[PDB]
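Worksheet: one structure, shown below.
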Amino acid sequence: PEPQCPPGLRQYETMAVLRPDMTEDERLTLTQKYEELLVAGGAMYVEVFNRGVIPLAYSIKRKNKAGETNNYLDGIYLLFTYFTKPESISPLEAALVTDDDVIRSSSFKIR
Amino acid sequence: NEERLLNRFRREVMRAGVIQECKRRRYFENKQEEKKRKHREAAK
Amino acid sequence: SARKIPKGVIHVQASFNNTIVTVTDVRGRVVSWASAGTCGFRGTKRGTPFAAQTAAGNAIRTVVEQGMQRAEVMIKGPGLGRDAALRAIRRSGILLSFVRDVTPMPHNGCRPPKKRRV
Amino acid sequence: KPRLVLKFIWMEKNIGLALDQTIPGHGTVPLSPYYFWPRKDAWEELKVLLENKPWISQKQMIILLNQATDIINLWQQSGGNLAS
Amino acid sequence: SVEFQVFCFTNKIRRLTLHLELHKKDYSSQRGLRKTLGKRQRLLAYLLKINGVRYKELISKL
Amino acid sequence: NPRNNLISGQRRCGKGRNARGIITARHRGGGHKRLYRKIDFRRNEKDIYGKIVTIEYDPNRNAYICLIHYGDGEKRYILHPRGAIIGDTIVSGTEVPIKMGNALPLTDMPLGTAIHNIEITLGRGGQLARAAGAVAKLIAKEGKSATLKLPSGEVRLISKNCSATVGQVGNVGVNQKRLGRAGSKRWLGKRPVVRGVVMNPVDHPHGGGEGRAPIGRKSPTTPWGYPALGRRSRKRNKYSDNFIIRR
Amino acid sequence: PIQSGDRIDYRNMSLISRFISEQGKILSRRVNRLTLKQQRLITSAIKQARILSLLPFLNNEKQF
RNA sequence: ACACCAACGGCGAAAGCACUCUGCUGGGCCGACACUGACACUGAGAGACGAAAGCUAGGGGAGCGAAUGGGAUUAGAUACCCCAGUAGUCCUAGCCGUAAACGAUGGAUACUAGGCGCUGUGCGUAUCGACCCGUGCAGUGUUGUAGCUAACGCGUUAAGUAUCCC
């Protein structure tokens, strides 16, 4: 079902880990910035599914906007099996670095 | 306790010989082929 | 005195020419340290397994005001001072939970200096 | 996947640890490797051989390593004393 | 098909050149641009060796 | 469009140097009239956009300035940063996103950003880091202060509610614009300075005798007697707001 | 063996962690007994999962 | 700067290239006839790139570290050892154009035993799916027939047999 659209442009999958605290505006507001990606990308944007929060190995260094406070052991594991033009992925990187509830966001390009 | 030593025995898994390796200088393929040829043949 | 808790970590800085046997609590305030230079002899003699045995013995013989049962040892580094130190702590025989290594394993950080050519 | 035997021998000076290993889903012939009288490492040599196999499951490698460890341990104590 | 080779190499040099001039330091693709120029140039000396008028059309097309 | 009716006209005459008439800021005089440019340091119109139409050469500065309009009917000049595309839009405000050219108070922004025009307290026009390439960075913030590394290799915790125009200020290439015409120093209204060895003992403390005189005193001094090497000229108790001099 | 049809990704933490040790370091091809292609692909995937802190860079030493 | 991965491994024309991810982009290999029809090889002079050290300009500077300074060994020590340590090392933009820049082997085509390997793809077997066997090629390695060689050795990636070009 996914090989329908990739005549024309590319395919990706972004892994992004989250804060473990909030349960509200986490599925919501990060899907709203996924709608910011929808203004950017506008392709078969499906399967943005969530993975359960588990203890990771080692993480420090949240870098809140002038917080620089929280160490972590847990995080919500979002991954977006999205699909876009190869133009404007670096603004997705800046969007997934600058926002607070998204730390350590590594995108990929499955083949 | 008994006088058995499994820390030395377990220590050769990842030997402290990566620290007698890293005291002296970063040198290129002549002594990395000597140490890593003798080491690629010590495990075979 | 101290917090008076009989569990606490022991660190053994086994150097290439020395040993240091320090002992500290869970937070990290040292309750005693004794090295090979502490226990008398100094020079080419220090950093040998007799110095590890004597330095460990004179290190943890002074924790009898605590009388620590639950011991755990966190050694570090290369040298001839490890195995005699563990035989010293097992000679004192207190409840050694687990020994471990915390040695700095670099990921090619800094250039180590010149080879000796001696 | 067949299952396994370490054989130890204690004589005062010298341990031998001998690892006899077995087949995965791929038909293989191990020996028993005997690790030797000089101070050259027995556990590292044995465990490394097992890891190099992958043909050995974790349970199998570990059970043999635990038995090996136990003998090296008894050997160290007997050598430091005279048990015999 | 020859004029698809010359025209295809011409679009190759267009897209690779507008890559390279806004980039300016890739010293690996410089060989690709120069192999394309030389390969196309031996094609143009080939079709000039064969014909007049037809190679005049290849010049006048681009 | 020259004669903007924002060049503001009347000044104190040229590069002056007279307090009561005595030379008190030395080596000044000469050059053009150098009519100043009243620019808009403290942006008093927040949350209204404004384009950029002209990069005019201010002779008072080391950098350039730029003429900015608004959606309403006004005209101002501001320091344009590096990367001022002609026709680009700048807008001051409290929640305006970070762009090379606009202004915002020092709270609502991240840390580790290039900013030229910052304020040292509220209400002032604009003090620090406004030269031709003077760029100030942010180390992390605090309860009512903000440690700011300004372009001297010097850090300073500052009042957090201060306006700041984010961007690296342009015209950096005056680091290398050579004055090799050798009388172009006089075009800037800067007379030649005489040297202390070749003066008389009534004028400078290093007034010498025969030949190229060595400096003679235990320390090289100013023409008013104070030692001119290493002696920090700073009052011992003013603010204690700086963290480390780092110089 | 254990190729299992589906390709090795960082999301597949079953065959991954059969390949690292408990000390957390990558084992070679002659130990893991794969092809060169399997080895490089689990290498890049394991280092990706190393970025996501799914896997430790160092495991603290233990006895008893 | 990037441990284990690291392999007698992959890529590049060479120098070189390894923490991961993205973008642009070179080059290689394989198949079907799908197309053109010798468009081929080499290359004087020329042009590009070209480890490291070096130099101009500006940053940056933790470790290491010429020069230097002190301590030691020494008859002596400007040296090996040790403690500090500046240029340099890194980056931006250039210049320099040399190295044991080594496979001590210019390039290209055709032909001439094998064994043991590795890498990439292709076919058939086997299952119907990962294997696994043979293979078609290209590349990389190790022993080796013939032949060559003063000998050591090289040997389908020749230092063999021939042809061309510098």
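Things worth noting here:
- D:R39-C:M105 pseudo-label distance in nm [points 7 Å out on the Cα-to-Cβ vector]: 2.4
- Rounded to the nearest 0.05, the FRET efficiency derived from the C-beta distance between D:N14 and F:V172 at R0 = 60 Å is 0.20.
- Residues whose amide H falls under 5 Å from that of C:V31, counting only those 5 or more places apart or on a different chain, are C:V23, C:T24, C:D25, with hydrogens built in the peptide plane.
- Paramagnetic label reach from G:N59 (point 7 Å along Cα→Cβ; backbone nitrogen cut-off under 16 Å): within the stretch D:49-63, residues D:51-52, D:57-63.
- Per-residue ellipticity at 222 nm computed for chain D from its helices equals -13000 deg cm²/dmol, with DSSP H segments shorter than 4 residues left out and the rest contributing -39,500 (n - 2.57).
- Modelled label reach - F:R246, point 7 Å along Cα→Cβ, the stretch F:127-150 residues with backbone N closer than 17 Å: F:128-130, F:134-142, F:145-150
- Range of Cα positions in chain G per principal axis (Å), largest first: 38, 25, 16
- Residue (of C:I94, D:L74, F:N5) at the positive-pole extreme of the protein assembly as shown, dipole from beta-carbon charges: F:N5
- Three-way shape call for chain F based on the alpha-carbon gyration tensor, with the a/c threshold at 1.5: oblate
- The stretch D:30-46 - phi-based ³J(HN,Hα) in whole Hz, Karplus 6.51/-1.76/1.60, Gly and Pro as x: x, 7, 8, x, 9, 10, 9, 5, x, 6, 3, 4, 9, 5, 5, 5, 6
- Built amide H within the under 5 Å cut-off of F:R191, gap 5+: F:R28, F:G29
- Inter-part distance where the stretch F:147-171 and chain E are each reduced to a Cα centre, Å: 53
- The calculated FRET efficiency for the pair E:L47 and E:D26, based on their C-beta separation and a Förster distance of 35 Å, comes to about 0.70.
- The amide H of G:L54, built 1.01 Å from its N in the peptide plane, has A:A57 as neighbours under 5 Å, considering only residues 5 or more places off or on other chains.
- Charged-residue dipole, Cβ positions (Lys, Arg, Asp, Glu), chain B about Cα centre, Debye nearest 20: 220
- For chain B: rounded, prolate or oblate by the Cα gyration tensor [a/c cutoff 1.5]: oblate
- Across the stretch F:233-242, coupling constants 3J(HN,Hα) worked out from phi with the 6.51/-1.76/1.60 Karplus curve, θ = phi - 60°, read 9, 8, 5, 5, 9, 10, 10, 6, 9, 6 Hz, and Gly and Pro carry x.
- Ranked by the mean number of other Cβ atoms within 10 Å per residue, highest first, peptides C:84-94, F:87-97 order as C:84-94, F:87-97.
- Of the DSSP H helices in chain E, those that are both long (alpha-carbon extent of 15 Å or more along the helix axis) and hydrophobic (Kyte-Doolittle mean at least -1.0) are E:3-20, E:29-50.
- Taken about its Cα centre, the protein assembly as shown carries a charge dipole of roughly 4600 debye when the Cβ of each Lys and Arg holds +1 and the Cβ of each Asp and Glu holds -1.
- Sorting the segments F:27-34, C:54-61, C:99-106 by their residues' average number of neighbouring beta-carbon atoms within 10 angstrom, most packed first, yields C:54-61, C:99-106, F:27-34.
- By the Cα gyration tensor, the protein assembly as shown has an equivalent ellipsoid whose semi-axes, rounded to whole angstrom, run 64, 45, 30 from largest to smallest.
- For the stretch C:91-101, 3J(HN,Hα) per residue [Karplus equation, 6.51 cos²θ - 1.76 cosθ + 1.60, θ = phi - 60°, Hz, x = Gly/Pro]: 5, 5, x, 6, 5, 6, 6, 7, 8, 7, 10
- Between F:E74 and F:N5, the modelled labels are 1.7 nm apart [label points 7 Å from Cα along Cα→Cβ].
- 12 Å beta-carbon shell around F:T165, net charge (K/R +1, D/E -1): +2
- Computed from the C-beta positions of F:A25 and F:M199 and an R0 of 22 Å, the FRET efficiency is 0.70 to the nearest 0.05.
- Listed residues G:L54, G:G24, G:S44: farthest to the positive end of the dipole of chain G (Cβ charges): G:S44
- Modelled label positions at F:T121 and D:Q58, each set 7 Å beyond Cα in the direction of Cβ, lie 6.6 nm from each other.
- Taking a ≥ b ≥ c as the square roots of the eigenvalues of the Cα gyration tensor, an a/c ratio of 1.5 or more together with a/b larger than b/c marks chain E as prolate.
- Mean per-residue shielding of peptide D:38-49 is 3, counting Cβ atoms of other chains within 10 Å of each Cβ.
- Among the listed pairs F:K141/F:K177; F:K149/F:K218; E:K25/E:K56; B:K44/G:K25; E:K24/F:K99, those with a Cα-Cα distance over 29 Å are F:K141/F:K177; F:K149/F:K218; E:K25/E:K56.
Coordinate-derived values only; no laboratory data. Don't worry about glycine lacking a Cβ; one is built from the backbone with ideal geometry, like all the others, and counts go over all protein chains shown.
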